[PDB]
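**Student:** I am attaching a structure below and will ask some questions about it afterwards.
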Amino acid sequence: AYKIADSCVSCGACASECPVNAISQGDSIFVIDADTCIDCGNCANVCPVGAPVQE
Ligand code: SF4
Ligand code: SF4
């Protein structure tokens, strides 16, 4: 599991994209239920700026 890191702008276009919908806007930008994310590569594949990357 990763984070939506600071590369993220609040663009929205990954929330619904996660097969397990393990995403929402959280701290400031998008966020991941990292518990519940499995390292599937989707989201990371979709994000215009590849922000699904870790804390
Ligand atoms: S890597 Fe896959 S399971 Fe994890 S948040 Fe992204 S889309 Fe969802
Ligand atoms: S697609 Fe990328 S930039 Fe858009 S909300 Fe998701 S992580 Fe942030």
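Quick note on naming: the chains in the structure tokens go A, B, ... in the order shown, residues restart at 1 in each chain, and ligands are numbered from 1 in order of appearance.
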Taking only C-alpha atoms and all ligand atoms into account, report as a PDB file with C-alpha atoms, in the first residue's frame which residues have an atom no farther than 8 Å from an atom of ligand 1.

**Tutor:**
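Produced file out15.pdb, reproduced below:
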ATOM      1  CA  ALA A   1       0.000   0.000   0.000  1.00  0.00           C
ATOM      2  CA  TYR A   2       1.063   3.633  -0.653  1.00  0.00           C
ATOM      3  CA  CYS A  14      -9.039   7.865  -8.742  1.00  0.00           C
ATOM      4  CA  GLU A  17     -11.082   3.932 -10.006  1.00  0.00           C
ATOM      5  CA  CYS A  18      -9.846   1.840  -7.071  1.00  0.00           C
ATOM      6  CA  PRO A  19     -11.480  -1.649  -7.376  1.00  0.00           C
ATOM      7  CA  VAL A  20     -11.955  -1.628  -3.573  1.00  0.00           C
ATOM      8  CA  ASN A  21     -12.840   2.141  -3.496  1.00  0.00           C
ATOM      9  CA  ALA A  22     -10.143   2.461  -0.792  1.00  0.00           C
ATOM     10  CA  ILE A  23      -9.748   6.201  -1.581  1.00  0.00           C
ATOM     11  CA  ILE A  32      -5.996   5.815   0.752  1.00  0.00           C
ATOM     12  CA  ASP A  33      -7.392   3.349   3.288  1.00  0.00           C
ATOM     13  CA  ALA A  34      -3.863   1.867   3.197  1.00  0.00           C
ATOM     14  CA  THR A  36      -7.556  -1.897   2.813  1.00  0.00           C
ATOM     15  CA  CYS A  37      -5.557  -1.047  -0.353  1.00  0.00           C
ATOM     16  CA  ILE A  38      -3.882  -4.096  -1.890  1.00  0.00           C
ATOM     17  CA  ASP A  39      -0.834  -3.145  -4.062  1.00  0.00           C
ATOM     18  CA  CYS A  40      -2.750  -3.616  -7.345  1.00  0.00           C
ATOM     19  CA  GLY A  41      -1.168  -0.823  -9.477  1.00  0.00           C
ATOM     20  CA  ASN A  42      -4.538   0.573 -10.589  1.00  0.00           C
ATOM     21  CA  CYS A  43      -4.944   4.116  -9.230  1.00  0.00           C
ATOM     22  CA  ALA A  44      -1.150   4.443  -9.759  1.00  0.00           C
ATOM     23  CA  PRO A  52      -0.348   6.952  -5.617  1.00  0.00           C
TER      24      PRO A  52
END

**Student:** What do you get as a VMD selection string if you pick all residues at most 8 Å from ligand 2, counting only C-alpha atoms and all ligand atoms?

**Tutor:** chain A and resid 4 to 5 7 to 15 25 29 to 31 43 to 44 46 to 52

**Student:** Extract the full set of strand (DSSP E or B) residues from chain A according to DSSP on the backbone, and format it as a CSV table (one decimal) with N, CA and C atoms, in the first residue's frame.

**Tutor:**
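Dumped to states_19.csv:
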chain,number,residue,atom,x,y,z
A,4,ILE,N,-1.7,8.5,-1.4
A,4,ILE,CA,-1.7,9.5,-2.4
A,4,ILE,C,-0.8,10.6,-2.0
A,23,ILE,N,-10.3,4.9,-1.3
A,23,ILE,CA,-9.7,6.2,-1.6
A,23,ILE,C,-10.8,7.2,-1.3
A,24,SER,N,-10.4,8.4,-0.8
A,24,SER,CA,-11.3,9.6,-0.6
A,24,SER,C,-10.3,10.8,-0.3
A,25,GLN,N,-10.9,12.0,-0.1
A,25,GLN,CA,-10.1,13.1,0.2
A,25,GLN,C,-9.9,13.2,1.7
A,30,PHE,N,-6.0,13.8,-2.0
A,30,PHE,CA,-6.6,12.4,-1.9
A,30,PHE,C,-5.8,11.6,-0.9
A,31,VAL,N,-6.4,10.5,-0.4
A,31,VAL,CA,-5.9,9.7,0.6
A,31,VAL,C,-6.4,8.2,0.3
A,32,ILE,N,-5.8,7.2,1.0
A,32,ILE,CA,-6.0,5.8,0.8
A,32,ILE,C,-6.3,5.2,2.1
A,52,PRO,N,-0.3,8.2,-6.4
A,52,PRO,CA,-0.3,7.0,-5.6
A,52,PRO,C,1.1,6.4,-5.4
